[PDB]
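Coming up is one lone chain in structure tokens, specifically the form deposited without ligand NLE.
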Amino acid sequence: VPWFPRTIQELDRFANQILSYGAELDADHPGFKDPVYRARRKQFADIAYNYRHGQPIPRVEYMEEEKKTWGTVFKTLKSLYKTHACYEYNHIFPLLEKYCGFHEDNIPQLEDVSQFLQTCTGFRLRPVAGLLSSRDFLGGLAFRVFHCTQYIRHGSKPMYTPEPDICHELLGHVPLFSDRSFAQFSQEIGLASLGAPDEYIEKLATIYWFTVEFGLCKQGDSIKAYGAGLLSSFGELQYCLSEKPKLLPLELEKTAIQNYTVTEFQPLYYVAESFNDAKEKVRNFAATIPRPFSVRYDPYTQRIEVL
């Protein structure tokens, strides 16, 4: 059986397992020729490397150019949320504005966002340096821990990122982790992953893609976006609720084996009935994963109980 963390502190083992040679080193990266950007990225990676569970997340003074990039992303995306984002997103965003400094001229600090999420659902952030394996990223969700980047995309191309950056994390993921039913749903994916064979981690990563990252959900008689990749993409958030993509009901024996690519708009989205329904579906799928035990998280002790 693959090793998995059984205490929230054991997530510390993960930061000595990331891809060390990241996207920012690639010749096509928007910031590739900028050595100040390169250094800035190394500074944020070193904050993640030195972070340990339990500590406050170090605050960073963002430069004026970084705040300008954030503001461009923030104001262009904000124009779509009332009409395209799910209720849960629109419910919490004004409180993020009021209590976490989500404004066009201010990049929120992760410590503040983490404390906010803890009061909402017990979710917390951990700064992360770069790409984790699907196994380690999903395993943090079992603890309601979201590994979160702190760097921003290069300012030459504010509407484009080849990777998660802080705009994606804060505008795409954080608002949904403030909702109890979503937190429970995402955590269920994390619990399904613990000790799962690699074959099933890839199926859970695909379910994650079509839910947490690119999901649509029913809302009364309508359909809204809740996937973080959609909520942080001006173009795709508009497209996803247009007549152009194909929509199918979330059905995990189909969804888990569906192919996708990351470099164009999705041709196909899966629609969740609700986060509670999606959670029950994940729980049923998880029972099919060969694991010689069951798992449960105990929030009182922050440990995984293995039966």
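Position 1 is the first residue in the sequence shown; the rest follow in order. So that the term is clear: the rigid core is the largest set of C-alpha atoms that superpose within 1.5 Å between two forms.
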query	finding
Between 154-162 and 140-148 (mean CA B-factor, as deposited), the higher	154-162
Stretch with the greater mean C-alpha B-factor as recorded in the entry, comparing 94-102 against 222-230	94-102
Which of 63, 39, 45, 257 ranks first by CA B-factor in the deposited coordinates	257
Residue with maximal Cα B-factor (values as given in the PDB entry) among 240, 57, 252, 271	252
Assigned third (lowest, middle, highest) for the C-alpha B factor of residue 130	highest
Residue 195 - Cα temperature factor, lowest/middle/highest third of chain	middle
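Beyond the structure shown, there is the form deposited with ligand NLE bound, which is absent from this document and is the topic of what follows.
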query: Open or blocked, ligand NLE overlaid from its pose in the deposited bound form onto this form, 2.4 Å backbone/C-beta test; finding: open
query: Proximity to ligand NLE in the deposited bound form (heavy atom, within 4.5 Å), stretch among 89-97, 217-225, 159-167, 102-110; finding: 159-167
query: 4.5 angstroms heavy atom contact with ligand NLE in the deposited bound form for residue 195; finding: no
query: 4.5 Å heavy atom contact, residue 153 to ligand NLE in the deposited bound form; finding: yes
query: Partner contact for residue 233 in the deposited bound form: ligand NLE, 4.5 angstroms, heavy atom; finding: yes
query: Heavy atom of residue 293 within 4.5 Å of ligand NLE in the deposited bound form; finding: no
query: Of 81, 74, 200, 209, the one that lies within 4.5 Å of ligand NLE in the deposited bound form (heavy atoms); finding: 209
query: Residues in 15-34 close to ligand NLE in the deposited bound form, defined by a heavy atom within 4.5 Å, in order; finding: 21
query: Which of 118, 219, 76, 181 is displaced between this form and the one not shown by 2 angstroms or more at its C-alpha, rigid core aligned; finding: 219
query: C-alpha of residue 26 off by 2 Å or more between this form and the one not shown on rigid core; finding: yes
query: Core-aligned CA displacement of residue 284 at least 2 Å between this form and the one not shown; finding: yes
query: Threshold 2 Å Cα movement between this form and the one not shown at residue 52, rigid core reference; finding: no
query: Cα distance between residue 115 and residue 275, which in the deposited bound form differs by 3 Å or more from this form, closer or farther; finding: farther
query: Residue pair residue 294, residue 282 - Cα distance in the deposited bound form, closer or farther (3 Å or more); finding: farther
